[PDB]
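Engineer: Shown below is the structure under consideration.
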Amino acid sequence: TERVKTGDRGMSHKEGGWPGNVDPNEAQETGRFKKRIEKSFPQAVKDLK
Amino acid sequence: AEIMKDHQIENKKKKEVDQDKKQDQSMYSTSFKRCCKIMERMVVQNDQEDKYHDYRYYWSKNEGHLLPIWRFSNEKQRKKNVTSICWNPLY
Amino acid sequence: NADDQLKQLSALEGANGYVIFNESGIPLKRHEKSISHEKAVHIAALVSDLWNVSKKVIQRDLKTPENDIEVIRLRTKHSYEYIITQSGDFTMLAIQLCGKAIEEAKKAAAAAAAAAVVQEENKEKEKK
Amino acid sequence: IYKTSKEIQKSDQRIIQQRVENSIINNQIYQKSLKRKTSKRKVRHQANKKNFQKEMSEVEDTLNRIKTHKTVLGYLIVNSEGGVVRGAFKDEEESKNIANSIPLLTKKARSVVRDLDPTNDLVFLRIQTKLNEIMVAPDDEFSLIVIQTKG
Amino acid sequence: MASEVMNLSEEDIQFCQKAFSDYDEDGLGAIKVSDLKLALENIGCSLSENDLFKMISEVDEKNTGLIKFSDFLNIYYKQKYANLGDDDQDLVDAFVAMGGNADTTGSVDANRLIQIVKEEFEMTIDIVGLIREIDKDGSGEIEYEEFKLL
Amino acid sequence: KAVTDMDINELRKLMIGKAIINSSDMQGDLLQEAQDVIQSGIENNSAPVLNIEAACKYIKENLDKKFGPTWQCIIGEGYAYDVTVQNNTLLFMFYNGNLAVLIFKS
Amino acid sequence: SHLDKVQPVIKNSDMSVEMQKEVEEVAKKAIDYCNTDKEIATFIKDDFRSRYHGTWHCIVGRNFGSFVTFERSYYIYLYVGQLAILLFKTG
């Protein structure tokens with residue numbers, strides 16, 4: 001009888017949720033993305049604070 | 001818990017004798033009393049929030065302004081006069 | 001302009017740190033005293049689960065139509081306080097302490113300064 | 001003499017129950033509870049007895065006072081095991097929903113506080129909705145929840 | 001198309017109750033999640049493993065269709081029987097009530113008397129029977145017994 | 001001193017070799033072999049900064065050779081999971097600090 | 001508008017695109033339906049088991065490391081917020 005294939009893959013979910021295009025490990029990808037969000041962002045933070 | 005087992009010094013007290021009695025007034029006494037006391041102040045704080053905010057910092061040339069904030073009295077104790085008043089040194 | 005708000009939050013008495021969360025859950029800005037990014041990643045996940053569960057629970061579990069939570073404040077042991085306010089798509093966590101806690105923090109800072117002074121004196125003695 | 005004997009027995013029973021109470025004023029809720037448990041041979045009478053089912057005004061008295069306070073919908077105590085020890089709301093559906101839904105949020109909320117610092121434990125939690133304010137005080141033995149409309 | 005089949009109604013009705021409960025949607029179909037919804041609402045079983053066990057044993061399963069209803073139809077049949085024991089007083093009463101009931105007397109007193117080293121060997125026993133006999137009928141029924149013992 | 005002196009940061013720093021078992025469903029003799037291998041493997045592959053993927057790869061390879069061809073173990077800071085496993089094939093033990101380890105045989 | 005806001009993203013996907021699209025809707029529906037994260041794991045496993053026969057293991061946590069032996073083309077990895085919906089069917 002055919003044996004269903006078993007593939008062993010190991011991954012780490014320690015890094016926080018991020019967009020697929022951006023890379024969590026790379027500092028440059030995260031830094032550029034944060035700057036884009038605050039471009040809006042300014043009003044909310046004073047108001048939230 | 002394992003660390004406590006390793007070091008058997010000053011074993012935790014507060015043995016669970018509790019209050020029991022099944023019905024007509026189980027528990028409702030010392031840790032729970034603190035929560036109820038905190039809850040009463042929080043409910044009072046929300047209603048008196050406008051007054052409390054003014055009391056903390058309303059910030060009131062030779063002129064003086066006095067504003068009464070709250071009055072504490074008892075209808076039963078209305079006959080009694082205020083007489084002597086004192087403030088605890090510690091608090 | 002945006003940077004000044006973070007400085008203003010620190011200026012308020014009883015404030016330890018401020019964390020801002022995006023709808024995705026990325027932490028926009030966090031305080032320097034508190035851990036940056038690692039703590040923010042851990043704080044953003046917990047607040048989103050709590051804020052989403054509380055927002056969902058109020059509408060259905062309490063059976064109240066058009067009722068939305070505005071501010072959540074969790075008072076724990078010692079001086080910890082964690083007011084949560086959501087503006088637009090961004091929700092932030094603010095950690096403030098009580099008067100006693102603030103006094104303790106000030107004392108600790110003074111002790112650290114004294115230790116630094118002692119170290120400087122020791123260095124001067126070594127130089128001499 | 002049989003009646004006399006019975007009377008004597010009753011008296012004896014009464015004495016045993018007292019001991020700590022030492023007669024005098026009706027006093028104490030705790031004392032009454034203890035007597036009921038240990039010895040159930042005799043009950044009631046003895047003295048004035050103050051107010052029935054009122055062993056201690058202070059926790060019970062404080063809860064009555066907060067409920068009487070203006071702008072408070074009610075205060076419902078939640079048992080550690082998802083139960084209503086005491087319910088004080090105008091509509092049963094709101095109280096029933098509050099009894100099950102509110103403790104689950106507090107337990108989830110307690111863990112959120114718990115994740116940041118393990119030593120730190122929830123002392124008090126307050127959630128403010130657009131039309132109402134919800135305050136929950138959590139203890140291992142019992143949880144106190146009060147809903148007060150914002151002024 | 002029935003064919004002269006009485007069968008139980010208590011259970012047959014229960015299934016319909018829980019069924020329409022979650023199926024109230026009126027979708028006309030049933031999924032593998034809905035079947036667990038009921039047990040998840042009332043808390044019949046501890047884990048889906050239970051319901052899944054019996055159901056799976058039935059034959060097979062899939063994603064969603066309508067036959068899933070079988071879960072309930074069979075669920076009622078997996079309830080089986082209960083039995084537990086409560087109190088130790090009732091037993092004591094029955095030890096004396098040989099006619100397998102509270103009723104009759106003195107014969108049980110004599111049974112106690114066989115090899116009895118107790119004080120007031122027989123006068124005490126008669127006094128005890130009288131004390132346990134509140135309505136004066138010469139016997140102690142279960143209610144009198146309980147009041148006597150408590 | 002004692003428990004009062006101890007703090008959560010202090011407790012983690014004071015002991016890094018403490019082993020705590022939360023859930024046991026596997027035979028005790030089997031658990032002893034597995035516990036020694038997982039503790040030794042994680043420390044060896046911990047490196048400068050602990051890698052979740054690195055620890056799992058070493059554990060997965062060791063377990064497959066040690067007992068059965070299909071063995072799955074997942075370690076994370078915090079997680080919620082439903083897993084169907086064979087009788088006496090699942091062992092759950094979490095290391096001191098924020099480290100949860102789940103190992104089961106399928 | 002909450003569904004638009006979550007924007008669940010699959011970091012690693014090993015399944016047919018049509019099947020993968022179905023998983024995203026189930027993942028969004030499961031998060032709103034389940035009060036707690038533990039409930040979300042049970043709901044995802046039950047829905048997939050009903051949809052596709054087999055043994056499904058699902059683990060969702062804020063931070064975790066996973067190495068698994070799953071049937072080829074039956075493992076889909078998607079991350080929404082701080083929750084990882086991971087399902088791997090093992091024969």
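Following the order of the structure tokens, chains are lettered A, B, ..., residues in each are numbered from 1, and ligands are numbered from 1.
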Run DSSP on the backbone and tell me which residues of segment 24-106 of chain F come out as alpha helix (DSSP H); list them as a ChimeraX atom specification.

Structural biologist: /F:28-46,52-66

Engineer: Could the residues in this selection be saved with N, CA, C and O atoms as a compact mmCIF listing (two decimals), in the first residue's frame?

Structural biologist:
```txt
# COMPACT_ATOMS: atom_id res chain seq x y z
N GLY F 28 7.41 6.44 31.93
CA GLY F 28 8.50 7.10 32.67
C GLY F 28 9.88 6.69 32.18
O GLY F 28 10.74 7.59 32.05
N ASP F 29 10.09 5.41 31.87
CA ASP F 29 11.42 4.95 31.39
C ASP F 29 11.75 5.67 30.08
O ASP F 29 12.89 6.15 29.94
N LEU F 30 10.76 5.78 29.19
CA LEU F 30 10.94 6.48 27.88
C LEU F 30 11.24 7.96 28.11
O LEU F 30 12.12 8.50 27.42
N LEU F 31 10.55 8.57 29.08
CA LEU F 31 10.71 10.02 29.40
C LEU F 31 12.15 10.31 29.84
O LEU F 31 12.71 11.33 29.39
N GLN F 32 12.74 9.42 30.64
CA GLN F 32 14.11 9.65 31.16
C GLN F 32 15.09 9.76 29.99
O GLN F 32 15.92 10.69 30.01
N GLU F 33 14.98 8.87 29.00
CA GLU F 33 15.90 8.91 27.83
C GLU F 33 15.68 10.22 27.05
O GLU F 33 16.69 10.87 26.70
N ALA F 34 14.42 10.59 26.82
CA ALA F 34 14.06 11.80 26.06
C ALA F 34 14.50 13.08 26.78
O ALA F 34 15.07 13.97 26.11
N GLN F 35 14.29 13.16 28.09
CA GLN F 35 14.62 14.38 28.87
C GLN F 35 16.12 14.67 28.83
O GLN F 35 16.49 15.83 28.62
N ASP F 36 16.96 13.64 28.99
CA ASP F 36 18.43 13.85 28.97
C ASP F 36 18.86 14.36 27.59
O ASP F 36 19.65 15.33 27.53
N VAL F 37 18.33 13.75 26.52
CA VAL F 37 18.71 14.12 25.12
C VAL F 37 18.27 15.55 24.79
O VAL F 37 19.10 16.30 24.23
N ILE F 38 17.03 15.93 25.13
CA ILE F 38 16.53 17.30 24.78
C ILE F 38 17.32 18.38 25.52
O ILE F 38 17.70 19.38 24.87
N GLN F 39 17.60 18.19 26.81
CA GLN F 39 18.33 19.22 27.59
C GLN F 39 19.75 19.40 27.02
O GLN F 39 20.16 20.56 26.82
N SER F 40 20.44 18.29 26.74
CA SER F 40 21.82 18.35 26.20
C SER F 40 21.82 18.99 24.81
O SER F 40 22.67 19.87 24.56
N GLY F 41 20.87 18.60 23.96
CA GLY F 41 20.80 19.12 22.58
C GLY F 41 20.52 20.61 22.51
O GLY F 41 21.23 21.30 21.75
N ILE F 42 19.58 21.10 23.32
CA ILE F 42 19.21 22.55 23.29
C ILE F 42 20.41 23.41 23.70
O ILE F 42 20.68 24.40 23.01
N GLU F 43 21.11 23.00 24.76
CA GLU F 43 22.28 23.78 25.26
C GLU F 43 23.37 23.83 24.19
O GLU F 43 23.93 24.92 23.96
N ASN F 44 23.63 22.69 23.53
CA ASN F 44 24.68 22.60 22.49
C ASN F 44 24.35 23.51 21.30
O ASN F 44 25.25 24.21 20.83
N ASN F 45 23.08 23.52 20.88
CA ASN F 45 22.65 24.33 19.71
C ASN F 45 22.13 25.70 20.15
O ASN F 45 21.69 26.47 19.27
N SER F 46 22.20 26.02 21.45
CA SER F 46 21.71 27.34 21.92
C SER F 46 22.51 28.46 21.24
O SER F 46 21.88 29.44 20.82
N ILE F 52 15.02 28.87 17.67
CA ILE F 52 13.90 27.89 17.80
C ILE F 52 14.04 26.82 16.70
O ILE F 52 13.90 25.63 17.02
N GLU F 53 14.35 27.25 15.48
CA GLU F 53 14.52 26.32 14.33
C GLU F 53 15.71 25.39 14.57
O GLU F 53 15.57 24.18 14.31
N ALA F 54 16.82 25.94 15.08
CA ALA F 54 18.04 25.14 15.31
C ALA F 54 17.78 24.04 16.35
O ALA F 54 18.18 22.89 16.11
N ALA F 55 17.10 24.39 17.45
CA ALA F 55 16.82 23.41 18.53
C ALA F 55 15.92 22.29 18.00
O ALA F 55 16.22 21.11 18.26
N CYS F 56 14.88 22.66 17.25
CA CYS F 56 13.91 21.67 16.69
C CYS F 56 14.59 20.73 15.69
O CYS F 56 14.33 19.52 15.76
N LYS F 57 15.47 21.26 14.83
CA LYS F 57 16.12 20.40 13.81
C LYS F 57 16.95 19.31 14.50
O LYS F 57 16.84 18.14 14.09
N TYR F 58 17.73 19.69 15.52
CA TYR F 58 18.58 18.70 16.25
C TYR F 58 17.69 17.68 16.97
O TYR F 58 17.97 16.47 16.87
N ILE F 59 16.63 18.17 17.63
CA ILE F 59 15.70 17.28 18.39
C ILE F 59 14.96 16.35 17.44
O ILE F 59 14.85 15.15 17.76
N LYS F 60 14.50 16.87 16.30
CA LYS F 60 13.74 16.04 15.32
C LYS F 60 14.61 14.91 14.79
O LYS F 60 14.12 13.76 14.74
N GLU F 61 15.86 15.21 14.43
CA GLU F 61 16.79 14.18 13.88
C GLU F 61 17.10 13.12 14.95
O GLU F 61 17.03 11.92 14.62
N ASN F 62 17.39 13.55 16.18
CA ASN F 62 17.74 12.60 17.27
C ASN F 62 16.55 11.69 17.59
O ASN F 62 16.76 10.47 17.68
N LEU F 63 15.35 12.26 17.70
CA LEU F 63 14.13 11.49 18.05
C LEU F 63 13.79 10.46 16.95
O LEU F 63 13.44 9.32 17.32
N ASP F 64 13.93 10.83 15.68
CA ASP F 64 13.56 9.89 14.59
C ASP F 64 14.44 8.64 14.67
O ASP F 64 13.89 7.52 14.59
N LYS F 65 15.75 8.82 14.85
CA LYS F 65 16.69 7.67 14.96
C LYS F 65 16.40 6.89 16.25
O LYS F 65 16.38 5.65 16.21
N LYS F 66 16.15 7.62 17.34
CA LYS F 66 15.94 7.04 18.70
C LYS F 66 14.70 6.15 18.79
O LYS F 66 14.82 5.06 19.38
```

Engineer: Segment 38-135 of chain D near segment 42-65 of chain C within 12 Å: what's each residue's closest atom pair and its distance in Å to one decimal, counting only C-alpha atoms, ordered by chain then ascending residue number, as CSV?

Structural biologist:
```
residue,atom,partner,partner_atom,distance
D:91,CA,C:62,CA,11.9
D:92,CA,C:62,CA,11.8
D:93,CA,C:63,CA,8.7
D:94,CA,C:62,CA,6.6
D:95,CA,C:62,CA,9.0
D:96,CA,C:62,CA,9.2
D:97,CA,C:62,CA,5.7
D:98,CA,C:62,CA,6.3
D:99,CA,C:62,CA,9.7
D:100,CA,C:61,CA,8.5
D:101,CA,C:61,CA,5.7
D:102,CA,C:61,CA,8.5
D:103,CA,C:57,CA,11.3
D:104,CA,C:57,CA,9.6
D:105,CA,C:54,CA,6.6
D:106,CA,C:54,CA,9.5
D:107,CA,C:50,CA,10.2
D:108,CA,C:50,CA,6.8
D:109,CA,C:50,CA,6.2
D:110,CA,C:50,CA,9.7
D:111,CA,C:46,CA,8.6
D:112,CA,C:46,CA,5.5
D:113,CA,C:46,CA,8.7
D:114,CA,C:46,CA,10.1
D:115,CA,C:46,CA,8.0
D:116,CA,C:43,CA,7.3
D:117,CA,C:43,CA,11.1
D:126,CA,C:54,CA,11.7
D:127,CA,C:54,CA,8.7
D:128,CA,C:58,CA,10.6
D:129,CA,C:58,CA,8.2
D:130,CA,C:58,CA,10.6
D:131,CA,C:64,CA,10.0
D:132,CA,C:64,CA,10.5
D:133,CA,C:58,CA,11.4
D:134,CA,C:58,CA,10.4
```

Engineer: List as JSON lines every residue of chain E that is in contact with chain F, defined as an atom at most 12 Å from one of its atoms (using only C-alpha atoms), together with the nearest atom pair and the distance in Å rounded to one decimal, sorted by chain and then rising number.

Structural biologist:
```
{"residue": "E:47", "atom": "CA", "partner": "F:82", "partner_atom": "CA", "distance": 10.5}
{"residue": "E:48", "atom": "CA", "partner": "F:82", "partner_atom": "CA", "distance": 10.6}
{"residue": "E:49", "atom": "CA", "partner": "F:84", "partner_atom": "CA", "distance": 9.0}
{"residue": "E:52", "atom": "CA", "partner": "F:84", "partner_atom": "CA", "distance": 11.8}
```

Engineer: Those same residues - C-alpha atoms - I'd like them written as a short mmCIF file (atom, residue, chain, number, x, y, z; two decimals), in the first residue's frame.

Structural biologist:
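Below is the file that was written, again-v6.cif:
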```
data_model
loop_
_atom_site.label_atom_id
_atom_site.label_comp_id
_atom_site.auth_asym_id
_atom_site.auth_seq_id
_atom_site.Cartn_x
_atom_site.Cartn_y
_atom_site.Cartn_z
CA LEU E 47 -13.42 16.77 24.21
CA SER E 48 -14.47 16.29 20.59
CA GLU E 49 -12.58 12.99 20.80
CA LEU E 52 -15.63 11.88 17.07
#
```

Engineer: Could you list, as an mmCIF file with C-alpha atoms, in the first residue's frame, every residue within 8 Å of residue 92 of chain C, counting only C-alpha atoms and ignoring same-chain residues fewer than 3 positions away?

Structural biologist:
```cif
data_model
loop_
_atom_site.group_PDB
_atom_site.id
_atom_site.type_symbol
_atom_site.label_atom_id
_atom_site.label_comp_id
_atom_site.auth_asym_id
_atom_site.auth_seq_id
_atom_site.Cartn_x
_atom_site.Cartn_y
_atom_site.Cartn_z
ATOM 1 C CA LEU A 48 -3.472 59.266 21.689
ATOM 2 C CA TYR C 18 4.609 54.381 26.115
ATOM 3 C CA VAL C 19 4.080 51.693 23.390
ATOM 4 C CA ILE C 20 2.089 52.287 20.133
ATOM 5 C CA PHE C 21 0.527 49.382 18.136
ATOM 6 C CA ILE C 84 -4.832 51.410 26.889
ATOM 7 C CA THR C 85 -6.331 54.016 24.488
ATOM 8 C CA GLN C 86 -7.150 53.322 20.780
#
```

Engineer: So that I can check the surroundings of segment 55-61 of chain G, please list as a ChimeraX atom specification every protein, DNA and RNA residue that reaches within 10 Å of it, counting only C-alpha atoms and ignoring chain neighbours fewer than 4 positions away.

Structural biologist: /A:13-14 /C:45 /F:72,74,76-85,106 /G:37-38,40-46,48-49,65-66,68,70,74-75,79,82-91

Engineer: Atoms to include: C-alpha atoms. Write the selected residues as a PDB file, in the first residue's frame.

Structural biologist:
```
ATOM      1  CA  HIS A  13       7.626  31.896  15.127  1.00  0.00           C
ATOM      2  CA  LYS A  14       9.572  33.834  17.837  1.00  0.00           C
TER       3      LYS A  14
ATOM      4  CA  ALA C  45       0.603  40.591  20.839  1.00  0.00           C
TER       5      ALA C  45
ATOM      6  CA  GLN F  72       7.107  15.858  15.736  1.00  0.00           C
ATOM      7  CA  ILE F  74       7.439  22.044  18.633  1.00  0.00           C
ATOM      8  CA  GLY F  76       7.647  28.227  21.377  1.00  0.00           C
ATOM      9  CA  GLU F  77       7.461  31.076  23.944  1.00  0.00           C
ATOM     10  CA  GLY F  78       3.626  30.774  24.018  1.00  0.00           C
ATOM     11  CA  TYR F  79       1.158  28.734  21.909  1.00  0.00           C
ATOM     12  CA  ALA F  80      -2.293  27.043  21.765  1.00  0.00           C
ATOM     13  CA  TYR F  81      -2.545  23.681  19.919  1.00  0.00           C
ATOM     14  CA  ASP F  82      -4.816  20.606  19.490  1.00  0.00           C
ATOM     15  CA  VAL F  83      -2.822  17.411  18.679  1.00  0.00           C
ATOM     16  CA  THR F  84      -4.004  13.792  18.072  1.00  0.00           C
ATOM     17  CA  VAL F  85      -1.261  11.322  19.186  1.00  0.00           C
ATOM     18  CA  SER F 106       2.708  10.256  15.266  1.00  0.00           C
TER      19      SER F 106
ATOM     20  CA  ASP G  37      -6.495  31.421  21.645  1.00  0.00           C
ATOM     21  CA  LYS G  38      -6.923  27.825  23.000  1.00  0.00           C
ATOM     22  CA  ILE G  40      -9.063  28.967  18.129  1.00  0.00           C
ATOM     23  CA  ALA G  41      -6.722  25.924  17.889  1.00  0.00           C
ATOM     24  CA  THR G  42      -9.624  23.479  18.569  1.00  0.00           C
ATOM     25  CA  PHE G  43     -11.965  25.224  16.053  1.00  0.00           C
ATOM     26  CA  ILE G  44      -9.357  25.179  13.210  1.00  0.00           C
ATOM     27  CA  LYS G  45      -8.608  21.439  13.744  1.00  0.00           C
ATOM     28  CA  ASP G  46     -12.351  20.528  13.847  1.00  0.00           C
ATOM     29  CA  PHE G  48     -10.273  21.046   8.677  1.00  0.00           C
ATOM     30  CA  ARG G  49     -10.975  17.483   9.944  1.00  0.00           C
ATOM     31  CA  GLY G  65       9.601  27.089  17.202  1.00  0.00           C
ATOM     32  CA  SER G  66       8.203  24.104  15.258  1.00  0.00           C
ATOM     33  CA  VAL G  68       7.108  18.644  12.059  1.00  0.00           C
ATOM     34  CA  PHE G  70       3.445  16.325   7.733  1.00  0.00           C
ATOM     35  CA  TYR G  74      -0.910  19.439   3.421  1.00  0.00           C
ATOM     36  CA  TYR G  75       1.083  22.066   5.435  1.00  0.00           C
ATOM     37  CA  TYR G  79       0.406  34.606  10.451  1.00  0.00           C
ATOM     38  CA  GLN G  82       0.558  37.764  16.916  1.00  0.00           C
ATOM     39  CA  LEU G  83      -1.194  34.389  16.201  1.00  0.00           C
ATOM     40  CA  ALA G  84       0.287  31.686  13.891  1.00  0.00           C
ATOM     41  CA  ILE G  85      -2.316  29.354  12.315  1.00  0.00           C
ATOM     42  CA  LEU G  86      -0.257  26.202  11.525  1.00  0.00           C
ATOM     43  CA  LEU G  87      -1.884  22.905  10.390  1.00  0.00           C
ATOM     44  CA  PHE G  88       0.123  19.797   9.320  1.00  0.00           C
ATOM     45  CA  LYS G  89      -1.697  16.514   8.499  1.00  0.00           C
ATOM     46  CA  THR G  90       0.379  13.409   9.453  1.00  0.00           C
ATOM     47  CA  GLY G  91      -0.518   9.883   8.213  1.00  0.00           C
TER      48      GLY G  91
END
```

Engineer: Select, from C:72, C:93, C:41, C:108, the residue with the minimum atom-to-atom distance to residue 17 of chain A, counting only C-alpha atoms.

Structural biologist: C:41
